[PDB]
$ cat coords_15.pdb   # PDB, C-alpha atoms (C1' of nucleotides) and all ligand atoms
ATOM      1  CA  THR A   1     163.054 149.948 140.513  1.00  0.00           C
ATOM      2  CA  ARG A   2     161.770 148.067 137.443  1.00  0.00           C
ATOM      3  CA  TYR A   3     159.793 144.806 137.497  1.00  0.00           C
ATOM      4  CA  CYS A   4     159.755 141.914 135.037  1.00  0.00           C
ATOM      5  CA  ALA A   5     156.991 142.486 132.630  1.00  0.00           C
ATOM      6  CA  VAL A   6     156.485 138.780 132.474  1.00  0.00           C
ATOM      7  CA  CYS A   7     156.606 137.535 136.038  1.00  0.00           C
ATOM      8  CA  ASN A   8     157.027 140.619 138.006  1.00  0.00           C
ATOM      9  CA  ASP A   9     160.089 139.572 139.753  1.00  0.00           C
ATOM     10  CA  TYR A  10     162.640 142.484 139.820  1.00  0.00           C
ATOM     11  CA  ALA A  11     163.916 143.248 136.321  1.00  0.00           C
ATOM     12  CA  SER A  12     167.550 143.031 135.564  1.00  0.00           C
ATOM     13  CA  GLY A  13     167.573 145.065 132.345  1.00  0.00           C
ATOM     14  CA  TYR A  14     165.622 145.509 129.234  1.00  0.00           C
ATOM     15  CA  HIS A  15     165.869 142.168 127.444  1.00  0.00           C
ATOM     16  CA  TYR A  16     164.408 141.191 124.083  1.00  0.00           C
ATOM     17  CA  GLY A  17     162.414 144.443 124.226  1.00  0.00           C
ATOM     18  CA  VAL A  18     160.985 144.721 127.697  1.00  0.00           C
ATOM     19  CA  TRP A  19     161.935 144.890 131.234  1.00  0.00           C
ATOM     20  CA  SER A  20     162.673 141.447 132.407  1.00  0.00           C
ATOM     21  CA  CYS A  21     164.273 139.186 135.037  1.00  0.00           C
ATOM     22  CA  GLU A  22     167.194 137.014 134.205  1.00  0.00           C
ATOM     23  CA  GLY A  23     164.763 134.117 134.351  1.00  0.00           C
ATOM     24  CA  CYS A  24     162.442 135.255 131.728  1.00  0.00           C
ATOM     25  CA  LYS A  25     165.280 136.365 129.705  1.00  0.00           C
ATOM     26  CA  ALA A  26     167.055 133.124 129.534  1.00  0.00           C
ATOM     27  CA  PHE A  27     163.835 131.284 129.108  1.00  0.00           C
ATOM     28  CA  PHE A  28     162.878 133.351 126.177  1.00  0.00           C
ATOM     29  CA  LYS A  29     166.359 132.880 124.941  1.00  0.00           C
ATOM     30  CA  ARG A  30     166.119 129.152 125.168  1.00  0.00           C
ATOM     31  CA  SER A  31     162.822 129.301 123.493  1.00  0.00           C
ATOM     32  CA  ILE A  32     163.894 130.820 120.321  1.00  0.00           C
ATOM     33  CA  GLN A  33     166.439 128.189 119.854  1.00  0.00           C
ATOM     34  CA  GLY A  34     163.930 125.405 119.209  1.00  0.00           C
ATOM     35  CA  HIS A  35     161.561 123.527 121.454  1.00  0.00           C
ATOM     36  CA  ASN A  36     158.630 121.239 121.363  1.00  0.00           C
ATOM     37  CA  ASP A  37     155.375 122.944 122.065  1.00  0.00           C
ATOM     38  CA  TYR A  38     154.699 123.411 125.663  1.00  0.00           C
ATOM     39  CA  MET A  39     151.655 122.226 127.515  1.00  0.00           C
ATOM     40  CA  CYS A  40     149.559 124.002 129.988  1.00  0.00           C
ATOM     41  CA  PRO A  41     148.429 121.751 132.849  1.00  0.00           C
ATOM     42  CA  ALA A  42     145.239 123.795 133.326  1.00  0.00           C
ATOM     43  CA  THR A  43     143.267 126.202 131.204  1.00  0.00           C
ATOM     44  CA  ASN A  44     145.881 128.454 129.638  1.00  0.00           C
ATOM     45  CA  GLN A  45     145.626 131.128 132.164  1.00  0.00           C
ATOM     46  CA  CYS A  46     148.198 130.411 134.686  1.00  0.00           C
ATOM     47  CA  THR A  47     149.537 132.805 137.220  1.00  0.00           C
ATOM     48  CA  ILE A  48     153.054 133.577 136.194  1.00  0.00           C
ATOM     49  CA  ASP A  49     155.011 134.761 139.074  1.00  0.00           C
ATOM     50  CA  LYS A  50     158.353 134.357 140.601  1.00  0.00           C
ATOM     51  CA  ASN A  51     157.604 130.877 141.885  1.00  0.00           C
ATOM     52  CA  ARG A  52     154.933 129.616 139.626  1.00  0.00           C
ATOM     53  CA  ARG A  53     156.827 130.530 136.593  1.00  0.00           C
ATOM     54  CA  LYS A  54     158.693 127.192 136.537  1.00  0.00           C
ATOM     55  CA  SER A  55     155.426 125.281 136.411  1.00  0.00           C
ATOM     56  CA  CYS A  56     153.631 126.455 133.308  1.00  0.00           C
ATOM     57  CA  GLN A  57     156.118 127.037 130.572  1.00  0.00           C
ATOM     58  CA  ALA A  58     153.340 127.256 128.129  1.00  0.00           C
ATOM     59  CA  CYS A  59     151.856 130.136 129.896  1.00  0.00           C
ATOM     60  CA  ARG A  60     155.233 131.753 130.396  1.00  0.00           C
ATOM     61  CA  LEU A  61     156.084 131.782 126.769  1.00  0.00           C
ATOM     62  CA  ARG A  62     152.703 133.067 125.826  1.00  0.00           C
ATOM     63  CA  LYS A  63     153.121 135.864 128.245  1.00  0.00           C
ATOM     64  CA  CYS A  64     156.563 136.347 126.820  1.00  0.00           C
ATOM     65  CA  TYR A  65     155.118 137.226 123.540  1.00  0.00           C
ATOM     66  CA  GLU A  66     152.207 139.095 124.864  1.00  0.00           C
ATOM     67  CA  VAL A  67     154.254 141.691 126.646  1.00  0.00           C
ATOM     68  CA  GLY A  68     156.370 142.195 123.578  1.00  0.00           C
ATOM     69  CA  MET A  69     159.563 140.108 123.651  1.00  0.00           C
ATOM     70  CA  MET A  70     161.055 139.678 120.189  1.00  0.00           C
ATOM     71  CA  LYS A  71     164.524 138.755 118.815  1.00  0.00           C
TER      72      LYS A  71
ATOM     73  CA  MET B   1     140.986  89.883 129.936  1.00  0.00           C
ATOM     74  CA  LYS B   2     142.697  93.108 131.034  1.00  0.00           C
ATOM     75  CA  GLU B   3     145.679  93.375 128.677  1.00  0.00           C
ATOM     76  CA  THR B   4     147.456  96.165 130.491  1.00  0.00           C
ATOM     77  CA  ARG B   5     147.785  98.145 133.660  1.00  0.00           C
ATOM     78  CA  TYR B   6     147.719 101.939 133.963  1.00  0.00           C
ATOM     79  CA  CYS B   7     148.936 104.437 136.476  1.00  0.00           C
ATOM     80  CA  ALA B   8     146.120 105.428 138.605  1.00  0.00           C
ATOM     81  CA  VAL B   9     147.596 108.947 138.807  1.00  0.00           C
ATOM     82  CA  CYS B  10     148.676 109.887 135.414  1.00  0.00           C
ATOM     83  CA  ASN B  11     147.485 107.181 133.222  1.00  0.00           C
ATOM     84  CA  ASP B  12     150.753 106.191 131.913  1.00  0.00           C
ATOM     85  CA  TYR B  13     151.665 102.384 131.827  1.00  0.00           C
ATOM     86  CA  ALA B  14     151.719 101.069 135.326  1.00  0.00           C
ATOM     87  CA  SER B  15     154.850  99.258 136.336  1.00  0.00           C
ATOM     88  CA  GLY B  16     153.924  97.609 139.555  1.00  0.00           C
ATOM     89  CA  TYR B  17     151.671  98.282 142.435  1.00  0.00           C
ATOM     90  CA  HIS B  18     153.231 100.943 144.552  1.00  0.00           C
ATOM     91  CA  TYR B  19     152.000 102.696 147.534  1.00  0.00           C
ATOM     92  CA  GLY B  20     148.868 100.746 147.159  1.00  0.00           C
ATOM     93  CA  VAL B  21     147.741 101.582 143.627  1.00  0.00           C
ATOM     94  CA  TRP B  22     148.879 100.461 140.307  1.00  0.00           C
ATOM     95  CA  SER B  23     151.484 103.062 139.395  1.00  0.00           C
ATOM     96  CA  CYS B  24     154.160 104.222 136.903  1.00  0.00           C
ATOM     97  CA  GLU B  25     157.778 104.629 138.047  1.00  0.00           C
ATOM     98  CA  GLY B  26     157.264 108.406 137.809  1.00  0.00           C
ATOM     99  CA  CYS B  27     154.357 108.636 140.225  1.00  0.00           C
ATOM    100  CA  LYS B  28     156.015 106.244 142.594  1.00  0.00           C
ATOM    101  CA  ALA B  29     159.252 108.319 142.874  1.00  0.00           C
ATOM    102  CA  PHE B  30     157.241 111.456 143.024  1.00  0.00           C
ATOM    103  CA  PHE B  31     155.234 110.235 145.975  1.00  0.00           C
ATOM    104  CA  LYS B  32     158.291 108.782 147.590  1.00  0.00           C
ATOM    105  CA  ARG B  33     160.073 112.143 147.606  1.00  0.00           C
ATOM    106  CA  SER B  34     157.038 113.891 148.733  1.00  0.00           C
ATOM    107  CA  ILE B  35     156.631 111.774 151.770  1.00  0.00           C
ATOM    108  CA  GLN B  36     160.268 112.313 152.610  1.00  0.00           C
ATOM    109  CA  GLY B  37     159.648 115.661 154.387  1.00  0.00           C
ATOM    110  CA  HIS B  38     158.129 119.187 154.254  1.00  0.00           C
ATOM    111  CA  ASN B  39     157.019 120.286 150.720  1.00  0.00           C
ATOM    112  CA  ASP B  40     156.581 123.685 149.310  1.00  0.00           C
ATOM    113  CA  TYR B  41     154.445 122.714 146.303  1.00  0.00           C
ATOM    114  CA  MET B  42     152.402 125.298 144.466  1.00  0.00           C
ATOM    115  CA  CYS B  43     149.714 125.285 141.917  1.00  0.00           C
ATOM    116  CA  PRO B  44     150.181 127.645 139.062  1.00  0.00           C
ATOM    117  CA  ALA B  45     146.433 127.704 138.360  1.00  0.00           C
ATOM    118  CA  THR B  46     143.357 126.795 140.485  1.00  0.00           C
ATOM    119  CA  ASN B  47     144.222 123.553 142.032  1.00  0.00           C
ATOM    120  CA  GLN B  48     142.315 121.531 139.480  1.00  0.00           C
ATOM    121  CA  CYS B  49     145.077 120.661 137.036  1.00  0.00           C
ATOM    122  CA  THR B  50     144.980 117.786 134.712  1.00  0.00           C
ATOM    123  CA  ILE B  51     147.551 115.242 135.522  1.00  0.00           C
ATOM    124  CA  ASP B  52     148.385 113.132 132.709  1.00  0.00           C
ATOM    125  CA  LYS B  53     151.521 111.876 131.352  1.00  0.00           C
ATOM    126  CA  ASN B  54     152.429 115.133 129.684  1.00  0.00           C
ATOM    127  CA  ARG B  55     151.294 117.558 132.319  1.00  0.00           C
ATOM    128  CA  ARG B  56     152.587 115.679 135.263  1.00  0.00           C
ATOM    129  CA  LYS B  57     155.862 117.512 135.744  1.00  0.00           C
ATOM    130  CA  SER B  58     153.947 120.713 135.621  1.00  0.00           C
ATOM    131  CA  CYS B  59     151.969 120.912 138.847  1.00  0.00           C
ATOM    132  CA  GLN B  60     153.493 119.233 141.748  1.00  0.00           C
ATOM    133  CA  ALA B  61     150.643 120.288 143.988  1.00  0.00           C
ATOM    134  CA  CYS B  62     147.941 118.769 141.964  1.00  0.00           C
ATOM    135  CA  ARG B  63     150.055 115.672 141.400  1.00  0.00           C
ATOM    136  CA  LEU B  64     150.449 115.050 144.998  1.00  0.00           C
ATOM    137  CA  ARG B  65     146.752 115.668 145.433  1.00  0.00           C
ATOM    138  CA  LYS B  66     145.855 113.018 143.073  1.00  0.00           C
ATOM    139  CA  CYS B  67     148.414 110.779 144.620  1.00  0.00           C
ATOM    140  CA  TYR B  68     146.430 110.953 147.751  1.00  0.00           C
ATOM    141  CA  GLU B  69     143.106 111.009 145.998  1.00  0.00           C
ATOM    142  CA  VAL B  70     143.598 107.692 144.326  1.00  0.00           C
ATOM    143  CA  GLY B  71     144.783 105.804 147.377  1.00  0.00           C
ATOM    144  CA  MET B  72     148.567 106.146 147.839  1.00  0.00           C
ATOM    145  CA  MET B  73     149.623 105.369 151.390  1.00  0.00           C
ATOM    146  CA  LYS B  74     153.184 105.354 152.800  1.00  0.00           C
TER     147      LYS B  74
ATOM    148  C1'  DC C   1     157.250  90.950 143.973  1.00  0.00           C
ATOM    149  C1'  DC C   2     157.885  95.767 146.467  1.00  0.00           C
ATOM    150  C1'  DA C   3     160.317 100.026 148.954  1.00  0.00           C
ATOM    151  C1'  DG C   4     163.811 102.940 148.791  1.00  0.00           C
ATOM    152  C1'  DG C   5     168.279 104.163 146.550  1.00  0.00           C
ATOM    153  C1'  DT C   6     170.711 105.929 142.706  1.00  0.00           C
ATOM    154  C1'  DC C   7     172.291 108.742 138.989  1.00  0.00           C
ATOM    155  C1'  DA C   8     172.215 110.479 133.883  1.00  0.00           C
ATOM    156  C1'  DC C   9     169.687 113.798 132.353  1.00  0.00           C
ATOM    157  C1'  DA C  10     167.022 118.349 131.251  1.00  0.00           C
ATOM    158  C1'  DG C  11     165.370 123.056 132.715  1.00  0.00           C
ATOM    159  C1'  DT C  12     166.631 126.707 135.369  1.00  0.00           C
ATOM    160  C1'  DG C  13     168.664 131.319 136.411  1.00  0.00           C
ATOM    161  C1'  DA C  14     172.757 133.904 138.334  1.00  0.00           C
ATOM    162  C1'  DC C  15     176.838 135.430 136.430  1.00  0.00           C
ATOM    163  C1'  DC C  16     180.324 135.987 132.780  1.00  0.00           C
ATOM    164  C1'  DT C  17     182.130 137.415 128.142  1.00  0.00           C
ATOM    165  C1'  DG C  18     182.309 140.208 124.379  1.00  0.00           C
TER     166       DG C  18
ATOM    167  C1'  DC D   1     174.592 148.666 128.910  1.00  0.00           C
ATOM    168  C1'  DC D   2     173.021 143.987 126.413  1.00  0.00           C
ATOM    169  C1'  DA D   3     172.668 138.990 124.141  1.00  0.00           C
ATOM    170  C1'  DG D   4     173.923 134.884 124.405  1.00  0.00           C
ATOM    171  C1'  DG D   5     177.150 131.580 127.037  1.00  0.00           C
ATOM    172  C1'  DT D   6     178.064 128.790 131.052  1.00  0.00           C
ATOM    173  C1'  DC D   7     177.348 125.636 134.729  1.00  0.00           C
ATOM    174  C1'  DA D   8     175.891 124.516 139.690  1.00  0.00           C
ATOM    175  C1'  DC D   9     171.823 123.334 141.141  1.00  0.00           C
ATOM    176  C1'  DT D  10     167.495 120.716 141.262  1.00  0.00           C
ATOM    177  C1'  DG D  11     163.461 117.595 140.076  1.00  0.00           C
ATOM    178  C1'  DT D  12     162.683 113.521 137.195  1.00  0.00           C
ATOM    179  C1'  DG D  13     162.104 108.644 136.393  1.00  0.00           C
ATOM    180  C1'  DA D  14     164.478 104.425 134.847  1.00  0.00           C
ATOM    181  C1'  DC D  15     166.934 101.393 137.022  1.00  0.00           C
ATOM    182  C1'  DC D  16     169.144  98.654 141.205  1.00  0.00           C
ATOM    183  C1'  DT D  17     169.539  96.816 145.950  1.00  0.00           C
ATOM    184  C1'  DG D  18     168.064  94.576 149.898  1.00  0.00           C
TER     185       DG D  18
HETATM  186 ZN    ZN A 101     160.453 137.305 134.889  1.00  0.00          ZN
HETATM  187 ZN    ZN A 102     149.406 127.442 132.096  1.00  0.00          ZN
HETATM  188 ZN    ZN A 103     151.989 107.970 136.828  1.00  0.00          ZN
HETATM  189 ZN    ZN A 104     147.750 122.535 139.806  1.00  0.00          ZN
END
$ encode --input "coords_15.pdb" --output "structure tokens"
Amino acid sequence: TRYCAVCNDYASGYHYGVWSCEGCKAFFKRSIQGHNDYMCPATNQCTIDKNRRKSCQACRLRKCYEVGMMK
Amino acid sequence: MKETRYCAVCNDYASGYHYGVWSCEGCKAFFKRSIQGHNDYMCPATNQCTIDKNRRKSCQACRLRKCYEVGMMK
DNA sequence: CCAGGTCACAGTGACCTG
DNA sequence: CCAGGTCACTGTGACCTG
């Protein structure tokens, strides 16, 4: 029992370099294909979790990189 | 004197006066859906998000909050 | 006018393919 | 096993209807 390094949902495998859910995986995936900068609605410290992850993409991506994800 | 109207909620161009405040089509539809039943809205931060035109799709909780704050009434 | 409907559209994530 | 694809679902907001 492994948990997403990004949001802590249950991981599905080791994706882009860390343990991660299908959600963070695909998100990260989408991200590297090109995207306008994201915007945090608050102060750049959101709580990324299983639910809240859909809300702050900016924080999600940041956390994506922080925990390691890379192509 | 006033050249334009702005959305009391998000500050984007207002389109009419909906739910009792000048509002954009976005905030109007948002509020509409929200009053149409139970809502599980969450804040990803501390319940003090900035709702503007770019951050509006981001926190539905705070958006609703301001909807009510500024006067919207069903 | 406005309220409430509608629907093309974009992000999402579970699941498939290779 | 995984990366990268797919696509059913869902929330949005621009528009329409009554
Ligand atoms: Zn995750
Ligand atoms: Zn954030
Ligand atoms: Zn608005
Ligand atoms: Zn919020």
$ interface_residues --input "coords_15.pdb" --of "chain D" --to "chain B" --cutoff "9 Å" --atoms "only C-alpha atoms (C1' of nucleotides)" --output "list in words"
residues 11, 12, 13 and 14 of chain D
$ residues_around --input "coords_15.pdb" --residues "stretch 1-17 of chain C" --least-positions-apart "2" --cutoff "8 Å" --atoms "all atoms listed in the file" --output "ChimeraX atom specification"
/A:22-23,26 /B:17-18 /D:5-6,16-17
$ resolve_selection --input "coords_15.pdb" --expression "the PyMOL selection byres (((chain B and resi 41) around 6) and not hetatm)" --output "ChimeraX atom specification"
/B:39-40,42,60-61
$ residues_around --input "coords_15.pdb" --residues "residue A:9" --least-positions-apart "3" --cutoff "12 Å" --atoms "all atoms listed in the file" --output "number ranges by chain"
A: 1-6, 12-13, 19-25, 48-53
$ atom_distance --input "coords_15.pdb" --atom1 "atom CA of residue B:59" --atom2 "atom CA of residue A:42"
9.2 Å
